[PDB]
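Here's the structure, in structure tokens; my notes come after.
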Amino acid sequence: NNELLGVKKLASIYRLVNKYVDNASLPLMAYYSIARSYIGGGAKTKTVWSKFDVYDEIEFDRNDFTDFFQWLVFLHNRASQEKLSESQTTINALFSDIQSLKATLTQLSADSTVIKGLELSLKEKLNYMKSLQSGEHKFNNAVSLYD
Amino acid sequence: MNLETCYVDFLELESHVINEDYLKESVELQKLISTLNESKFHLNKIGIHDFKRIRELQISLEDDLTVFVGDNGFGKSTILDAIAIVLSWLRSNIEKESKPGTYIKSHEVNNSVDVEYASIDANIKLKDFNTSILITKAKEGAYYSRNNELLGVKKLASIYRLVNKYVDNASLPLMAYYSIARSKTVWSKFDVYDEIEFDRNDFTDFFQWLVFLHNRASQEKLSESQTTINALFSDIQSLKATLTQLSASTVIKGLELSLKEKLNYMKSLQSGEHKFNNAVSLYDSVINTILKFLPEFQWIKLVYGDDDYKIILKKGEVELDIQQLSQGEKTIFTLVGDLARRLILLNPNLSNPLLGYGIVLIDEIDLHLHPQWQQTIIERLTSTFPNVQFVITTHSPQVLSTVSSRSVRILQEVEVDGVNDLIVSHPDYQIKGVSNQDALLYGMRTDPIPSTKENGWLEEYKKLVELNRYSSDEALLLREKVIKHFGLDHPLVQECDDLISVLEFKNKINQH
Ligand SMILES: Nc1ncnc2c1ncn2[C@@H]1O[C@H](COP(=O)(O)OP(=O)(O)OP(=O)(O)O)[C@@H](O)[C@H]1O
């Protein structure tokens, strides 16, 4: 007979902690046999991913390569969506205001004009942009993951 | 301004002038285009001879809407297939001169003893210009009606080839046929114009097409376009920074530089190709068209979540996944999406491409639809695209109550001189706004009340009551069955009791 008390007990702890934790981590197990040479040497569209998708098999072969390609494009589009929207608004406001200051300094033309007010507006925009950052604080965690 | 008169003189001018640019900009071309754009394309008449169950018939079609009502095996699908056969040849000639169209299948010929050939005739009227096309096939008859007469359609095809050869971004008529189950050249978008026939209940394919188009649209918004907007992000700022806060001669000197920068920024836009319905412009136009068709929704967008991606529709204050929709809404969604997709691509010059011209054939519109949906589909179809001709066949009486009586045709079967042939009639009343059963009785000639066995006792009890024999023992026995099946409070019993009381009072007065 086989003795499976230890594995059953250890796995029960992982399932219990996974029950009460939103994004609990799991150990990584993999095996790259000699058949990987033509895994890269040589269906319904997937829309849902999960950490248990990698747990179907312990070995690497065939369709895993295909899934990598489908996963990569999913990451790229996620970055592109976050590149647009409100992040572009701060891009337009902060750069133009900074450019407005820089040209004036370069121009050296002639109440001190409105240079102080422009600098104050730039400082306010920079402070708001810094406060708006969330998560990894570098475009959330999508662009950084792709790079 | 006759089309023929403008066409002949433009052809003569083109022949006289060898140079293409000389005739490219001239009064003859402008006159031809101007009179071509105001013409309204619509079919006028059709005749059928020895085709399937139809022996000999001539049908006149309306200019905006026409509804065919009939039973099973009455040739409703025969008429639509005949029109598709006629339009196939015109489409083939438009694509290329001297190209075969669709032939008549051998099994489609009538199986009568004395038949020899089957012929189809059609008439297309464009403002004042008229044309007619006849296609015929003989199975085994010794004498046939010569060959197909395609002379009329070749002139029209050459007209369209001429107009679109010199001036680009022209317009073409729309021909579509939404059939039943059965079963370069703007190909970058993947829409296929080669096939006239299209099938509904293919929501998966349209969903994937929408997702791929959205990804291409998002890709085009970046890269070199992001550079041009960056330049515009400073010229407008300079204009404001030079004319807004310092209003209160060196200060005015910078305005010339700012205007020079604006003109230089205009150089990049000048070196830009025409939109030609690019990926960005197609997406918003399609989405807005669907939103216009269904005003109950606020917006539609594709959301890439932390792990998944899906399309979210908002109505009221609730957000629904696209997959939560029922079968009827999916069918409407793909039908409107395909119509908008074809209309946008076929009219790249018009400011509002939803004002094109064409003919659309729909078979069994009421398939997979709740009765609450059937009562508003016609008004929305006829209001979203106001310049298209529709030919529709239907089975549901609920749809009929929303259609004017001037666009209703009824197919019957009558026998004349020992030969049974089909006939077309018209309703004798106005059926727009009437109740459901009135529409069923007048527009379909069917009994609205079933002939169930439980009904059999009802009329017998009524008849006994009307003959002043309600006190008879037979009536008393029958009342037990009726009152047991229906109940005391049912309105039908209540009116019967009212009649009983009225007759009793009349008998009391007469007796005294
Ligand atoms: N070769 C033929 N000769 C004579 N009659 C034919 C022949 N082929 C078919 N028919 C007739 O065609 C009739 C059915 O025609 P059709 O398909 O137009 O009917 P429909 O009820 O309008 O169709 P649908 O449900 O597709 O709208 C049958 O009743 C049959 O008698």
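Quick note on naming: the chains in the structure tokens go A, B, ... in the order shown, residues restart at 1 in each chain, and ligands are numbered from 1 in order of appearance.
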
| task | Restrict the distance test to only C-alpha atoms, flag each residue of chain A within 12 Å of chain B, and return the flagged residues as an NGL selection string. | result | :A and (44-51 or 71 or 73-85 or 88-89 or 91-104 or 107-115 or 117-118 or 140-142)

As a short mmCIF file (atom, residue, chain, number, x, y, z; two decimals) with N, CA, C and O atoms, in the first residue's frame, which residues of range 107-353 of chain B does DSSP assign to helix (DSSP H, G or I)?
data_model
loop_
_atom_site.label_atom_id
_atom_site.label_comp_id
_atom_site.auth_asym_id
_atom_site.auth_seq_id
_atom_site.Cartn_x
_atom_site.Cartn_y
_atom_site.Cartn_z
N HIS B 107 -35.04 21.25 -60.86
CA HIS B 107 -36.15 20.80 -60.03
C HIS B 107 -37.14 21.91 -59.71
O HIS B 107 -38.25 21.60 -59.25
N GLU B 108 -36.78 23.17 -59.93
CA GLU B 108 -37.67 24.28 -59.63
C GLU B 108 -38.75 24.48 -60.67
O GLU B 108 -39.68 25.26 -60.43
N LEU B 151 -29.78 42.99 -72.08
CA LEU B 151 -29.36 44.26 -72.67
C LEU B 151 -29.65 45.44 -71.75
O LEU B 151 -28.83 46.36 -71.63
N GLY B 152 -30.81 45.44 -71.08
CA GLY B 152 -31.15 46.55 -70.21
C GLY B 152 -30.23 46.71 -69.01
O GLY B 152 -29.88 47.83 -68.63
N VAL B 153 -29.81 45.60 -68.39
CA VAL B 153 -28.97 45.70 -67.20
C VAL B 153 -27.52 46.03 -67.53
O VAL B 153 -26.81 46.58 -66.67
N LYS B 154 -27.08 45.81 -68.76
CA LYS B 154 -25.70 46.12 -69.09
C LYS B 154 -25.48 47.62 -69.22
O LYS B 154 -24.40 48.12 -68.87
N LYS B 155 -26.49 48.36 -69.68
CA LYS B 155 -26.35 49.81 -69.74
C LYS B 155 -26.21 50.39 -68.34
O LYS B 155 -25.37 51.26 -68.10
N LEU B 156 -27.01 49.90 -67.39
CA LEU B 156 -26.93 50.41 -66.03
C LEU B 156 -25.59 50.05 -65.41
O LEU B 156 -24.97 50.87 -64.71
N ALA B 157 -25.11 48.83 -65.66
CA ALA B 157 -23.83 48.44 -65.10
C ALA B 157 -22.72 49.32 -65.66
O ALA B 157 -21.81 49.73 -64.94
N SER B 158 -22.79 49.62 -66.97
CA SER B 158 -21.76 50.45 -67.56
C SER B 158 -21.84 51.87 -67.02
O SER B 158 -20.82 52.54 -66.89
N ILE B 159 -23.05 52.33 -66.68
CA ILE B 159 -23.19 53.67 -66.11
C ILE B 159 -22.47 53.74 -64.77
O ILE B 159 -21.71 54.68 -64.49
N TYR B 160 -22.68 52.72 -63.93
CA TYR B 160 -22.02 52.74 -62.63
C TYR B 160 -20.52 52.58 -62.77
O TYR B 160 -19.75 53.24 -62.05
N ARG B 161 -20.08 51.77 -63.74
CA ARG B 161 -18.64 51.61 -63.94
C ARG B 161 -18.03 52.91 -64.43
O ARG B 161 -16.93 53.28 -64.00
N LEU B 162 -18.78 53.68 -65.22
CA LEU B 162 -18.23 54.91 -65.76
C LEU B 162 -18.11 55.94 -64.65
O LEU B 162 -17.10 56.63 -64.53
N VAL B 163 -19.16 56.05 -63.83
CA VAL B 163 -19.17 57.11 -62.83
C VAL B 163 -18.09 56.82 -61.79
O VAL B 163 -17.38 57.73 -61.36
N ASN B 164 -17.94 55.56 -61.38
CA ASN B 164 -16.95 55.24 -60.36
C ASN B 164 -15.53 55.13 -60.92
O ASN B 164 -14.58 55.18 -60.13
N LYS B 165 -15.36 55.03 -62.24
CA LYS B 165 -14.01 54.96 -62.79
C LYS B 165 -13.28 56.30 -62.74
O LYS B 165 -12.08 56.34 -62.43
N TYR B 166 -13.97 57.40 -63.03
CA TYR B 166 -13.33 58.71 -63.04
C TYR B 166 -13.26 59.34 -61.65
O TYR B 166 -12.19 59.79 -61.22
N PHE B 203 -24.08 34.95 -33.72
CA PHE B 203 -23.60 35.99 -32.82
C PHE B 203 -22.13 35.83 -32.45
O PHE B 203 -21.45 36.82 -32.16
N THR B 204 -21.61 34.60 -32.48
CA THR B 204 -20.21 34.37 -32.15
C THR B 204 -19.28 35.06 -33.14
O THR B 204 -18.31 35.74 -32.75
N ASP B 205 -19.57 34.93 -34.44
CA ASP B 205 -18.72 35.53 -35.45
C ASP B 205 -18.75 37.05 -35.36
O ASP B 205 -17.70 37.70 -35.46
N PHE B 206 -19.93 37.63 -35.15
CA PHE B 206 -19.99 39.08 -35.06
C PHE B 206 -19.30 39.57 -33.80
O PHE B 206 -18.69 40.64 -33.80
N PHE B 207 -19.38 38.79 -32.72
CA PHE B 207 -18.70 39.18 -31.49
C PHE B 207 -17.19 39.22 -31.69
O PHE B 207 -16.51 40.17 -31.28
N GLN B 208 -16.66 38.21 -32.40
CA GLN B 208 -15.22 38.21 -32.64
C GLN B 208 -14.82 39.32 -33.59
O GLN B 208 -13.75 39.93 -33.42
N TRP B 209 -15.67 39.63 -34.57
CA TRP B 209 -15.36 40.71 -35.49
C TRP B 209 -15.30 42.03 -34.75
O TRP B 209 -14.40 42.85 -34.98
N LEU B 210 -16.24 42.25 -33.83
CA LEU B 210 -16.25 43.50 -33.07
C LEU B 210 -15.00 43.61 -32.20
O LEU B 210 -14.39 44.69 -32.12
N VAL B 211 -14.60 42.51 -31.57
CA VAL B 211 -13.42 42.58 -30.71
C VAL B 211 -12.17 42.89 -31.52
O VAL B 211 -11.35 43.75 -31.14
N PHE B 212 -12.00 42.22 -32.66
CA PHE B 212 -10.81 42.46 -33.48
C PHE B 212 -10.80 43.89 -34.01
O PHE B 212 -9.75 44.55 -34.04
N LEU B 213 -11.97 44.40 -34.41
CA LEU B 213 -12.01 45.76 -34.91
C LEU B 213 -11.65 46.74 -33.81
O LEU B 213 -10.95 47.73 -34.06
N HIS B 214 -12.11 46.48 -32.59
CA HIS B 214 -11.80 47.39 -31.50
C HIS B 214 -10.31 47.41 -31.24
O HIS B 214 -9.73 48.47 -30.94
N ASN B 215 -9.66 46.24 -31.31
CA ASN B 215 -8.22 46.21 -31.07
C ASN B 215 -7.47 47.00 -32.14
O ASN B 215 -6.53 47.74 -31.83
N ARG B 216 -7.89 46.88 -33.40
CA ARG B 216 -7.23 47.66 -34.44
C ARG B 216 -7.46 49.16 -34.24
O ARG B 216 -6.55 49.98 -34.45
N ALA B 217 -8.67 49.52 -33.80
CA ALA B 217 -8.97 50.93 -33.56
C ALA B 217 -8.09 51.48 -32.45
O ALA B 217 -7.58 52.60 -32.55
N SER B 218 -7.89 50.70 -31.39
CA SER B 218 -7.06 51.19 -30.30
C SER B 218 -5.61 51.28 -30.74
O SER B 218 -4.88 52.18 -30.29
N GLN B 219 -5.16 50.37 -31.62
CA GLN B 219 -3.78 50.43 -32.07
C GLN B 219 -3.53 51.69 -32.90
O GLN B 219 -2.47 52.32 -32.76
N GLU B 220 -4.48 52.06 -33.76
CA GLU B 220 -4.27 53.23 -34.61
C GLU B 220 -4.20 54.55 -33.85
O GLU B 220 -3.59 55.50 -34.33
N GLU B 224 2.30 57.34 -34.65
CA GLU B 224 2.51 58.64 -35.30
C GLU B 224 1.41 59.64 -35.01
O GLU B 224 1.68 60.84 -34.90
N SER B 225 0.17 59.19 -34.83
CA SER B 225 -0.90 60.13 -34.51
C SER B 225 -0.65 60.80 -33.17
O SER B 225 -0.87 62.01 -33.03
N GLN B 226 -0.06 60.07 -32.22
CA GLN B 226 0.24 60.66 -30.93
C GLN B 226 1.27 61.76 -31.06
O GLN B 226 1.35 62.63 -30.19
N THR B 227 2.08 61.73 -32.12
CA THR B 227 3.05 62.80 -32.29
C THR B 227 2.35 64.07 -32.76
O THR B 227 2.59 65.15 -32.22
N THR B 228 1.39 63.92 -33.68
CA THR B 228 0.73 65.10 -34.24
C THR B 228 -0.06 65.84 -33.17
O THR B 228 0.04 67.07 -33.05
N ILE B 229 -0.75 65.09 -32.31
CA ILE B 229 -1.52 65.73 -31.26
C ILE B 229 -0.58 66.44 -30.31
O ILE B 229 -0.90 67.54 -29.82
N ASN B 230 0.61 65.89 -30.10
CA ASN B 230 1.58 66.56 -29.24
C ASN B 230 1.92 67.94 -29.78
O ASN B 230 1.97 68.92 -29.03
N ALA B 231 2.08 68.05 -31.10
CA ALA B 231 2.33 69.37 -31.67
C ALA B 231 1.15 70.29 -31.43
O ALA B 231 1.32 71.43 -30.97
N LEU B 232 -0.07 69.77 -31.60
CA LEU B 232 -1.23 70.61 -31.35
C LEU B 232 -1.35 70.94 -29.88
O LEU B 232 -2.02 71.92 -29.53
N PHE B 233 -0.74 70.14 -29.01
CA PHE B 233 -0.82 70.45 -27.59
C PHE B 233 -0.05 71.71 -27.23
O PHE B 233 -0.25 72.23 -26.12
N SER B 234 0.83 72.22 -28.10
CA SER B 234 1.55 73.44 -27.77
C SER B 234 1.13 74.67 -28.55
O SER B 234 1.05 75.76 -27.96
N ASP B 235 0.68 74.51 -29.80
CA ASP B 235 0.28 75.68 -30.59
C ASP B 235 -0.92 76.37 -29.98
O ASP B 235 -0.88 77.59 -29.75
N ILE B 236 -1.92 75.61 -29.56
CA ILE B 236 -3.09 76.23 -28.97
C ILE B 236 -2.69 76.87 -27.65
O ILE B 236 -3.10 78.00 -27.35
N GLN B 237 -1.77 76.23 -26.92
CA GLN B 237 -1.36 76.81 -25.65
C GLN B 237 -0.67 78.13 -25.90
O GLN B 237 -0.98 79.14 -25.25
N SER B 238 0.15 78.20 -26.96
CA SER B 238 0.85 79.44 -27.23
C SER B 238 -0.16 80.52 -27.58
O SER B 238 -0.09 81.63 -27.04
N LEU B 239 -1.20 80.14 -28.32
CA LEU B 239 -2.20 81.13 -28.71
C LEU B 239 -2.86 81.69 -27.47
O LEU B 239 -3.10 82.90 -27.38
N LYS B 240 -3.16 80.83 -26.50
CA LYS B 240 -3.79 81.34 -25.29
C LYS B 240 -2.79 82.14 -24.47
O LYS B 240 -3.08 83.27 -24.07
N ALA B 241 -1.55 81.65 -24.38
CA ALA B 241 -0.57 82.30 -23.51
C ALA B 241 -0.13 83.64 -24.06
O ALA B 241 0.54 84.40 -23.34
N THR B 242 -0.50 83.96 -25.29
CA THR B 242 -0.09 85.19 -25.93
C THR B 242 -1.27 86.14 -26.10
O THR B 242 -1.05 87.29 -26.49
N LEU B 243 -2.50 85.69 -25.81
CA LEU B 243 -3.64 86.57 -26.05
C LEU B 243 -4.72 86.51 -24.97
O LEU B 243 -5.82 87.04 -25.20
N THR B 250 7.42 93.80 -28.49
CA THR B 250 8.03 92.48 -28.55
C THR B 250 7.04 91.38 -28.20
O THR B 250 7.16 90.26 -28.72
N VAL B 251 6.08 91.66 -27.32
CA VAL B 251 5.08 90.66 -26.96
C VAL B 251 4.23 90.29 -28.17
O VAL B 251 3.94 89.11 -28.41
N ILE B 252 3.82 91.28 -28.96
CA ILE B 252 3.03 91.02 -30.16
C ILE B 252 3.85 90.32 -31.23
O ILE B 252 3.28 89.66 -32.11
N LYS B 253 5.18 90.44 -31.19
CA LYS B 253 6.03 89.76 -32.17
C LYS B 253 5.94 88.24 -32.06
O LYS B 253 6.08 87.54 -33.06
N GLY B 254 5.70 87.72 -30.85
CA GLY B 254 5.56 86.28 -30.71
C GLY B 254 4.30 85.70 -31.32
O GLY B 254 4.24 84.49 -31.57
N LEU B 255 3.29 86.54 -31.56
CA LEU B 255 2.08 86.03 -32.20
C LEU B 255 2.37 85.56 -33.62
O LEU B 255 1.78 84.57 -34.08
N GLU B 256 3.27 86.25 -34.32
CA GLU B 256 3.63 85.82 -35.67
C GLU B 256 4.29 84.45 -35.63
O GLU B 256 4.01 83.59 -36.47
N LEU B 257 5.16 84.23 -34.64
CA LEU B 257 5.82 82.94 -34.51
C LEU B 257 4.80 81.85 -34.20
O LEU B 257 4.90 80.73 -34.71
N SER B 258 3.84 82.15 -33.33
CA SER B 258 2.83 81.16 -32.98
C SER B 258 1.97 80.79 -34.19
O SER B 258 1.66 79.62 -34.41
N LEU B 259 1.60 81.79 -34.99
CA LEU B 259 0.85 81.50 -36.21
C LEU B 259 1.69 80.71 -37.21
O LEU B 259 1.18 79.84 -37.92
N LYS B 260 3.00 81.00 -37.27
CA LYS B 260 3.88 80.22 -38.13
C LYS B 260 3.94 78.77 -37.67
O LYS B 260 3.97 77.85 -38.49
N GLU B 261 3.97 78.56 -36.35
CA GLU B 261 3.96 77.20 -35.83
C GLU B 261 2.66 76.49 -36.18
O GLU B 261 2.66 75.30 -36.51
N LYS B 262 1.53 77.20 -36.10
CA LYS B 262 0.25 76.61 -36.46
C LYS B 262 0.22 76.22 -37.94
O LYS B 262 -0.24 75.13 -38.30
N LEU B 263 0.75 77.09 -38.80
CA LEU B 263 0.81 76.76 -40.22
C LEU B 263 1.74 75.58 -40.47
O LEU B 263 1.46 74.73 -41.33
N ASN B 264 2.87 75.51 -39.75
CA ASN B 264 3.76 74.37 -39.93
C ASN B 264 3.09 73.08 -39.47
O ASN B 264 3.29 72.02 -40.07
N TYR B 265 2.30 73.16 -38.39
CA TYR B 265 1.57 71.98 -37.94
C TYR B 265 0.52 71.57 -38.96
O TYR B 265 0.15 70.39 -39.04
N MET B 266 0.03 72.53 -39.75
CA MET B 266 -0.92 72.20 -40.80
C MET B 266 -0.27 71.41 -41.93
O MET B 266 -0.98 70.75 -42.70
N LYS B 267 1.06 71.45 -42.03
CA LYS B 267 1.77 70.69 -43.06
C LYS B 267 1.63 69.19 -42.83
O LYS B 267 1.44 68.43 -43.79
N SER B 268 1.72 68.74 -41.58
CA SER B 268 1.58 67.32 -41.28
C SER B 268 0.18 66.82 -41.62
O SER B 268 0.01 65.73 -42.16
N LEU B 269 -0.85 67.62 -41.30
CA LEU B 269 -2.21 67.23 -41.66
C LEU B 269 -2.40 67.27 -43.17
O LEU B 269 -3.17 66.47 -43.72
N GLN B 270 -1.73 68.20 -43.86
CA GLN B 270 -1.82 68.26 -45.31
C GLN B 270 -1.27 67.00 -45.96
O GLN B 270 -1.84 66.48 -46.92
N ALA B 279 -10.12 52.48 -39.40
CA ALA B 279 -10.56 51.61 -38.30
C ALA B 279 -11.24 52.40 -37.20
O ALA B 279 -12.22 51.93 -36.61
N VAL B 280 -10.74 53.60 -36.89
CA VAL B 280 -11.33 54.40 -35.82
C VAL B 280 -12.74 54.85 -36.19
O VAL B 280 -13.67 54.72 -35.39
N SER B 281 -12.91 55.39 -37.40
CA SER B 281 -14.21 55.96 -37.76
C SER B 281 -15.30 54.90 -37.87
O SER B 281 -16.47 55.20 -37.59
N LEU B 282 -14.96 53.68 -38.29
CA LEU B 282 -15.98 52.65 -38.45
C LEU B 282 -16.58 52.24 -37.11
O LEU B 282 -17.80 52.02 -37.01
N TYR B 283 -15.75 52.19 -36.07
CA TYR B 283 -16.19 51.61 -34.80
C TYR B 283 -17.24 52.49 -34.15
O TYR B 283 -18.31 52.00 -33.73
N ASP B 284 -16.98 53.79 -34.05
CA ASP B 284 -17.92 54.67 -33.38
C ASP B 284 -19.21 54.77 -34.17
O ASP B 284 -20.30 54.85 -33.58
N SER B 285 -19.12 54.77 -35.50
CA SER B 285 -20.33 54.87 -36.31
C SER B 285 -21.21 53.64 -36.12
O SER B 285 -22.43 53.77 -35.94
N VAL B 286 -20.61 52.45 -36.07
CA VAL B 286 -21.39 51.24 -35.86
C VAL B 286 -22.01 51.24 -34.47
O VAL B 286 -23.20 50.92 -34.30
N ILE B 287 -21.23 51.62 -33.46
CA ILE B 287 -21.76 51.60 -32.10
C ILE B 287 -22.91 52.59 -31.98
O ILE B 287 -23.94 52.29 -31.37
N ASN B 288 -22.74 53.79 -32.53
CA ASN B 288 -23.80 54.78 -32.43
C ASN B 288 -25.05 54.33 -33.17
O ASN B 288 -26.16 54.63 -32.74
N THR B 289 -24.88 53.60 -34.28
CA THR B 289 -26.05 53.10 -34.99
C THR B 289 -26.83 52.12 -34.14
O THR B 289 -28.06 52.19 -34.05
N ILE B 290 -26.11 51.21 -33.46
CA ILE B 290 -26.80 50.25 -32.61
C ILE B 290 -27.47 50.96 -31.44
O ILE B 290 -28.57 50.59 -31.02
N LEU B 291 -26.80 51.97 -30.88
CA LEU B 291 -27.40 52.73 -29.78
C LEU B 291 -28.66 53.45 -30.23
O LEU B 291 -29.64 53.53 -29.48
N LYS B 292 -28.65 53.98 -31.45
CA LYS B 292 -29.84 54.64 -31.99
C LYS B 292 -30.98 53.65 -32.19
O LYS B 292 -32.14 53.98 -31.95
N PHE B 293 -30.66 52.43 -32.63
CA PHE B 293 -31.71 51.44 -32.83
C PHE B 293 -32.39 51.07 -31.51
O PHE B 293 -33.61 50.89 -31.47
N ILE B 322 -22.94 41.13 -22.01
CA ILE B 322 -23.51 40.91 -23.34
C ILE B 322 -24.07 39.50 -23.47
O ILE B 322 -25.07 39.29 -24.17
N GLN B 323 -23.47 38.52 -22.81
CA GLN B 323 -23.95 37.15 -22.90
C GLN B 323 -25.26 36.91 -22.16
O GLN B 323 -25.90 35.88 -22.38
N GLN B 324 -25.67 37.83 -21.28
CA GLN B 324 -26.92 37.65 -20.55
C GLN B 324 -28.15 37.87 -21.42
O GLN B 324 -29.26 37.53 -20.99
N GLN B 327 -32.19 35.14 -26.75
CA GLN B 327 -31.99 34.83 -28.17
C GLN B 327 -32.55 35.91 -29.08
O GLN B 327 -31.93 36.26 -30.10
N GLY B 328 -33.71 36.48 -28.73
CA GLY B 328 -34.30 37.50 -29.58
C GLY B 328 -33.44 38.74 -29.66
O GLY B 328 -33.25 39.31 -30.75
N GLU B 329 -32.89 39.17 -28.53
CA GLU B 329 -32.07 40.37 -28.56
C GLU B 329 -30.77 40.11 -29.31
O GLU B 329 -30.27 41.01 -29.99
N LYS B 330 -30.24 38.89 -29.23
CA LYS B 330 -29.03 38.58 -29.98
C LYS B 330 -29.31 38.64 -31.48
O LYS B 330 -28.49 39.15 -32.26
N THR B 331 -30.47 38.12 -31.89
CA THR B 331 -30.82 38.14 -33.31
C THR B 331 -30.97 39.57 -33.81
O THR B 331 -30.46 39.92 -34.89
N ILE B 332 -31.62 40.42 -33.02
CA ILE B 332 -31.75 41.82 -33.42
C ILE B 332 -30.38 42.48 -33.48
O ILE B 332 -30.09 43.27 -34.39
N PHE B 333 -29.52 42.14 -32.52
CA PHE B 333 -28.21 42.77 -32.44
C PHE B 333 -27.38 42.46 -33.68
O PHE B 333 -26.83 43.37 -34.31
N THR B 334 -27.39 41.20 -34.11
CA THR B 334 -26.57 40.87 -35.28
C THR B 334 -27.21 41.35 -36.57
O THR B 334 -26.49 41.73 -37.50
N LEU B 335 -28.54 41.43 -36.62
CA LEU B 335 -29.17 41.90 -37.85
C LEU B 335 -28.87 43.37 -38.08
O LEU B 335 -28.43 43.78 -39.17
N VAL B 336 -29.04 44.18 -37.03
CA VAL B 336 -28.76 45.60 -37.17
C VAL B 336 -27.27 45.82 -37.39
O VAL B 336 -26.87 46.71 -38.15
N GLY B 337 -26.42 45.03 -36.73
CA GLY B 337 -24.99 45.22 -36.90
C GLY B 337 -24.56 44.98 -38.33
O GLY B 337 -23.78 45.75 -38.90
N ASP B 338 -25.09 43.92 -38.96
CA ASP B 338 -24.71 43.64 -40.34
C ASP B 338 -25.23 44.71 -41.28
O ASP B 338 -24.52 45.13 -42.21
N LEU B 339 -26.47 45.18 -41.07
CA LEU B 339 -26.99 46.21 -41.95
C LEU B 339 -26.16 47.49 -41.85
O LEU B 339 -25.81 48.09 -42.87
N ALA B 340 -25.79 47.88 -40.63
CA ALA B 340 -24.99 49.09 -40.48
C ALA B 340 -23.61 48.89 -41.09
O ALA B 340 -23.06 49.82 -41.70
N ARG B 341 -23.05 47.69 -40.96
CA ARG B 341 -21.72 47.45 -41.50
C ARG B 341 -21.72 47.62 -43.01
O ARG B 341 -20.81 48.23 -43.58
N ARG B 342 -22.75 47.09 -43.68
CA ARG B 342 -22.78 47.22 -45.13
C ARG B 342 -23.03 48.67 -45.55
O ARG B 342 -22.39 49.18 -46.48
N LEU B 343 -23.94 49.36 -44.85
CA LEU B 343 -24.27 50.72 -45.26
C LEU B 343 -23.08 51.66 -45.10
O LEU B 343 -22.87 52.54 -45.94
N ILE B 344 -22.30 51.50 -44.03
CA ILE B 344 -21.17 52.40 -43.83
C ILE B 344 -20.15 52.23 -44.94
O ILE B 344 -19.63 53.21 -45.49
N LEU B 345 -19.84 50.98 -45.31
CA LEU B 345 -18.82 50.73 -46.32
C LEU B 345 -19.28 51.15 -47.71
O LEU B 345 -18.45 51.55 -48.53
N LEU B 346 -20.58 51.06 -48.00
CA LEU B 346 -21.02 51.35 -49.36
C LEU B 346 -21.16 52.84 -49.65
O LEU B 346 -21.24 53.21 -50.82
N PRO B 353 -23.96 58.22 -43.49
CA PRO B 353 -24.11 57.07 -44.41
C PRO B 353 -25.41 56.31 -44.23
O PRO B 353 -25.68 55.41 -45.04
#

| task | Enumerate residues in contact with ligand 1: an atom-to-atom distance of at most 7 Å, counting only C-alpha atoms and all ligand atoms. Format the result as an NGL selection string. | result | :B and (52-53 or 71-78 or 107-111 or 363)

Using N, CA and C atoms, can you export the residues from the last selection as a compact mmCIF listing (two decimals), in the first residue's frame?
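Resulting contents of result-v7.txt:
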# COMPACT_ATOMS: atom_id res chain seq x y z
N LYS B 52 -42.29 26.86 -59.88
CA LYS B 52 -42.73 26.14 -58.67
C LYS B 52 -44.26 26.08 -58.68
N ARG B 53 -44.91 26.34 -57.55
CA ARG B 53 -46.37 26.25 -57.49
C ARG B 53 -47.05 27.36 -58.28
N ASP B 71 -50.41 31.20 -45.79
CA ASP B 71 -50.25 29.95 -45.07
C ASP B 71 -49.01 29.22 -45.58
N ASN B 72 -48.85 27.96 -45.17
CA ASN B 72 -47.72 27.16 -45.61
C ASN B 72 -47.96 26.60 -47.01
N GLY B 73 -46.90 26.54 -47.80
CA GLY B 73 -47.01 26.03 -49.15
C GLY B 73 -47.72 26.96 -50.12
N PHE B 74 -47.64 28.27 -49.89
CA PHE B 74 -48.29 29.25 -50.76
C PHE B 74 -47.29 30.10 -51.54
N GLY B 75 -46.03 29.69 -51.61
CA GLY B 75 -45.07 30.38 -52.45
C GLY B 75 -44.53 31.69 -51.90
N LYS B 76 -44.59 31.91 -50.59
CA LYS B 76 -44.01 33.12 -50.02
C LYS B 76 -42.51 33.18 -50.24
N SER B 77 -41.82 32.06 -50.04
CA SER B 77 -40.38 32.00 -50.29
C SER B 77 -40.03 31.94 -51.77
N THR B 78 -40.98 31.55 -52.62
CA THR B 78 -40.73 31.56 -54.06
C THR B 78 -40.52 32.98 -54.58
N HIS B 107 -35.04 21.25 -60.86
CA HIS B 107 -36.15 20.80 -60.03
C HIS B 107 -37.14 21.91 -59.71
N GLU B 108 -36.78 23.17 -59.93
CA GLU B 108 -37.67 24.28 -59.63
C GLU B 108 -38.75 24.48 -60.67
N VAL B 109 -38.66 23.81 -61.82
CA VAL B 109 -39.68 23.96 -62.85
C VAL B 109 -40.95 23.23 -62.44
N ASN B 110 -42.09 23.74 -62.89
CA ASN B 110 -43.36 23.11 -62.57
C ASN B 110 -43.41 21.70 -63.13
N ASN B 111 -44.07 20.81 -62.39
CA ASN B 111 -44.15 19.39 -62.73
C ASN B 111 -45.42 19.04 -63.50
N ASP B 363 -37.03 37.36 -44.49
CA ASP B 363 -37.96 36.25 -44.47
C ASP B 363 -38.22 35.81 -43.04
